[PDB]
Every structure is written in structure tokens, then in C-alpha cells.
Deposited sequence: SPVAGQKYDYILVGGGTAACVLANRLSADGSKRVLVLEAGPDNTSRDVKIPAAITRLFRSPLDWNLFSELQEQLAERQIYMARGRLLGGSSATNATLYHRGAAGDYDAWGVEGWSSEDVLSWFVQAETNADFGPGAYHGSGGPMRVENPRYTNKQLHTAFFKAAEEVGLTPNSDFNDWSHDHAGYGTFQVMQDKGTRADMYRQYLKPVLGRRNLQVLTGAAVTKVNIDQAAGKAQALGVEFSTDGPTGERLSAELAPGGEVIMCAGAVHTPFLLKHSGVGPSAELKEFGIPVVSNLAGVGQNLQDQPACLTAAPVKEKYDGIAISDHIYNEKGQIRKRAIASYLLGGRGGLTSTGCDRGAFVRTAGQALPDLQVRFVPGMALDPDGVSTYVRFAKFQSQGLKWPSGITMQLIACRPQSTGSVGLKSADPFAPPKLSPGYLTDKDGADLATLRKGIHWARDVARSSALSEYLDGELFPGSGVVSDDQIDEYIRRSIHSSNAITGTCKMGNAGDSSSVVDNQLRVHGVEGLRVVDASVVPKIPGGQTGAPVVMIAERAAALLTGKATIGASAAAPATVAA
């Protein structure tokens, strides 16, 4: 009905991070008709604009509310896996940390045309940085906005840095400068524009919505790609949930469907379209169009656990919880004024934007990311404690002042999977993060050693000044076995999720797409989202997604080639 009688040069399945970049670059010259189908609503929420309102976005109507299958290795728990559901996707709901990982992360992909030297100019093209001028590693002029965080906790941020120096870690002045080693302590840059979230809807899509050749539908759930026998024809979707009429948007001759539904929903939708392991499709009576074993395999996510400690009574009130709430759970006037007057102060913080990358045991690249928060977790699950913090508003209670260190396995060895639980394309996917399943126990050892590192930092003179005991994991958790059980019971997502539609070289039979991002065995079908990442880089995954989307757009518009 909104597509009746229309023919599209490009149909984007999803209106998230990658889709926003592609909708912008593909519609640019006026010659191509682009459709974007997003299941979620328009991006208008003030909870998206204000970085600290990340707390409110978890388990909200702007999230998919996904839970994993029971995880026998994690004390028989389902794991919550946050995912954005609105224009901008997970860029509209993420912690805004700007990370590329190390050059060695892209070289480890072993994909022709996607080496560290190949990708660097695509990160640089995307970037405008408030704190780094143009150079080998930074651009000026791209649509992204990156800056140093405009909240600083004067006591606790500097005490973390001095504590890290004291235990023997060195400062890293730029975690995205590939000329120096990734390890070290310091400040994470953020995808913000003077303290407001600079998500890919705001930076790429919203400024071009006036273009005649670009049509964006929200509340549009894709149910499958229509494939002829194997040639993509377009896509089926409902604008009215499960009971809605299945509409079909149709490709023009020479047109392409681009999958932009992310590392959870892209392999889910491929499987519903007959692209996936034939046994999984047959289970639910889906005809096999392309028997690709790797669809939904190779799920990489970075698992987390945390430590937390209160400050001494004399330091009551110095935490970011004290900067955002008064002692009855009212948003502080000073925080609202600082945010509106100059884009500064606690409401500009997602909390976890200072930290470190650490080698626990002489690895080629750091295995551990630490995120320091100048506020105290009240749950060993940091995502649950952010939900608690949002729900705390107006309860008339005082959040106790302290700190948290979140420990992340940033280059994990474990893998999981996404598949089907049902023939219904509106049902949730069958999701397994597979945390701590790697044969050598390397991911558990990383997090155990992370806990030891966080305790070494909290014990240093610099932080000892402020701290008064330890809340998590606490005095009952000391031996290796006690720590390992604490990790099993508290492990949560740091919200990466990549690699479920892996790009590969010629002759890599685990791959779903080639180095041109084309799905094996289907014409006119590509994947441009985190699904394609062969091996997860260290650090958060949003900037690498934007880099892939920029380079894919340059490929599709004929401004660049891949391989030569």
C-alpha cells in the first residue's frame, strides 16, 4: 500500500546503524530509489537524546527485550541481550563509546581487501572529532561526531588513573591510534555532539529525509526476502504486526536487497527466506534457497562481570549517582542546567567511558577491557543495575556513593548462535550467546584475572584513599572456584554481538558473504551490518559497523573497489 506500484533500486531491511549510513549515501546522487523498512518507531524520544537516559532504554518499548535460551554453563540462566528497536537501531540505545580496536584485529580477519591498511581510510572518512585534529588516525569532516566525554568526576576518575598507574599499567592517550599498542588506561571518546547522543539517525538519516528518492517506513516488520528460482525480488513485510496484510516491496531491474537488521535479526530473516543450514530450515518447513552452514553461527559477544565498592562516609556525595539524583531520587537541578546550558555534567555520561585494555597473560592483543564507573552497582549484573537506577527516580531513597569496575572479555574465544524456535517470523529468535564455552576456558580465565586486576586497583593507595570495603563480589568470593561461580551467576552482555553472517575469502566454506558483502548463492542480496564481521575487534562494535557501511556504500555507488 505505501509501496503499491513502486520499484526500488535498493531496499534496506532494518533502519539501524548501517541502514542510516546506506540510506544517506545511496540516495545522494538522486538517480536511485531507496526504501528503508524499520520495525520500530521514529527516533523522537528524549530518552535517546540524553546519554544518561540509557538507563531508561534497557527493557523498554524502544528495545527488542530479547532473552537467550537457558545457558547450562551460566548456572542455568537466560541472558538478557539488549538491542535497539527504532530508526538508528542500537546506535540510538548504545553507551556511545567510540572504539575501532587495533590494526591486528582487521589483519586477523584474513579477508582480501579488508586488511588494517584497507579499512583505516573508511574510519577516517566517517569521523569529525572535537579533540583530535586531522592525521593518520583521525578525520575532520565526516558525519559522525566524536568527542571527549563532557562529564568528569574530579575525585574518582583521577583516582582510577593513579590506581591503574600504581599497579603498573601505562596511559593510552588514544585507543584508536594504531601506531601505538592498544593496552593502557585512559578516557574513551564518545559518539556525542556537545553531550547529546550523536546516533546514526541524527548524523546520517535525519538530515536527508527531504530527498524525493528516499522513502522510510517505520512500524514495518520484514517477514522475509522474496527470492525467485536464485534472484532477490524484494521483500515481504507487515505494517500492522502479526495480523497485518503481508505487503511486498519490489526491486527495479538491477536492484538489490541489503540486509541491515543486525547480527541478531539478519541471520534470523535470512533463515526465514531459505538462506541458512538446510536442517534448520527443514525443521520449520522453509524451502532451502541457499544451504549456508554459517548463517547464525560464529556469534561473538563480549561478556562482562563487575566489582563494586562504597566510598568512606566522609566522601558521601562525590559519585555520579549523587550528580544525577539528590537523596530522595529527584533529578538534580544542577545536572539539568549543565546539560541544557553547555552540554556538560552528569546527564552527558553513559557512566562507563573511562577504563583500560589489559593483557592478563602475555597475549598478542589485550584480552580484557575494564570500564570504570564513578558510581556503585547495587546488582552484580550491571545492565540490571542500570534498569534499577532508571526505576530509582522519585522513590525517596539515597543511592549509596561508590565505584564499579566492569570487566569485559573484549577478544573472546567463545562463540554462540542465532536460529529459529518457530515458523512464525514475528516470534523471537532462538538466541545463545555461548559465553564461557571455549575449549581452553580462556574467557572464564580472562574474567577471573579481571576480578584480580580490579581488586589490585581498588587496593592501591590512590583508590584506598576513597574506598571503604567491597560490595561485589564481596568477602565470600576469594578462591578461584568462588570467583568462577560468581562469574557464572552474574555474567551479562557488554552488548557487542557480531559475526552471524561472516564475510570470507574465496574457499572459506563457513562464510555467508564474500568480500563484496554478497550472500553466497543469491543474486541481488547483500549484508551490511555487524553480522559480516569475521572476528570481533577489541572494544565496542558501533564504529566498525559505520566503517563497513561507508565502504559498502562506496562499493555500490562505484566510487571504490574492494580487492586489486
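By the record, the deposited chain contains unmodelled runs at 230 to 233, 569 to 578, with no C-alpha atoms placed there.
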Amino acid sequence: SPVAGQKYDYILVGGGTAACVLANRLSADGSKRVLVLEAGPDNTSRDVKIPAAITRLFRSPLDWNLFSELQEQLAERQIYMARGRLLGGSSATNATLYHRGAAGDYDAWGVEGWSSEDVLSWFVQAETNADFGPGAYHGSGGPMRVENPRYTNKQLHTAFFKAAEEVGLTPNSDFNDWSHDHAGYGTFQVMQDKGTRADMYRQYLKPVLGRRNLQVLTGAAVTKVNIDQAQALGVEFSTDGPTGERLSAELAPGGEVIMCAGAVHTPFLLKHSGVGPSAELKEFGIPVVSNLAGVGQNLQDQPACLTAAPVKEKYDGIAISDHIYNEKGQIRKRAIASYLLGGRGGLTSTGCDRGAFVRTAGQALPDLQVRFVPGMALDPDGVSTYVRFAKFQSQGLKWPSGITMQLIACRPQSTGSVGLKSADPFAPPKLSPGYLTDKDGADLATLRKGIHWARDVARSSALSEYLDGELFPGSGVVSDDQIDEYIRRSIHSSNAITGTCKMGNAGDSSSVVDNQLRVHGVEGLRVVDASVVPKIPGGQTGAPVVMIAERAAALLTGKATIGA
From here on, numbers count along this sequence of modelled residues.
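Note that the rigid core is defined as the largest set of C-alphas that superpose within 1.5 Å between two forms.
Rigid core fits of the other structures in 5 other deposited structures of this protein place the C-alpha atoms of one stretch farther away on average; of 240 to 248 and 202 to 210, that stretch is 240 to 248. For the segment pair 345 to 353 and 207 to 215, the entry gives 207 to 215 the higher mean B-factor, averaged over Cα atoms.
On average the C-alpha atoms of 26 to 34 have higher B-factors than those of the other stretch, with 495 to 503 and 26 to 34 being the two compared. Of the residues listed, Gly89, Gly184, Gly255, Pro303, the entry assigns the biggest Cα temperature factor to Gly255. Out of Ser179, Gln369, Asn94, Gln73, the entry records its largest CA B-factor for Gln73. Placement of the Cα temperature factor of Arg197 within the chain: lowest third of the modelled residues, per the deposited record.
In the PDB entry, a CA B factor belonging to the highest third of its chain's modelled residues is recorded for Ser273. Per the PDB record, residue ranking by Cα B-factor puts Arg459 in the middle third of the chain. Looking at the C-alpha B-factors along this chain, the one for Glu166 belongs to the highest third.
Split the chain's modelled residues into thirds by C-alpha temperature factor. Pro51 is in the lowest one.
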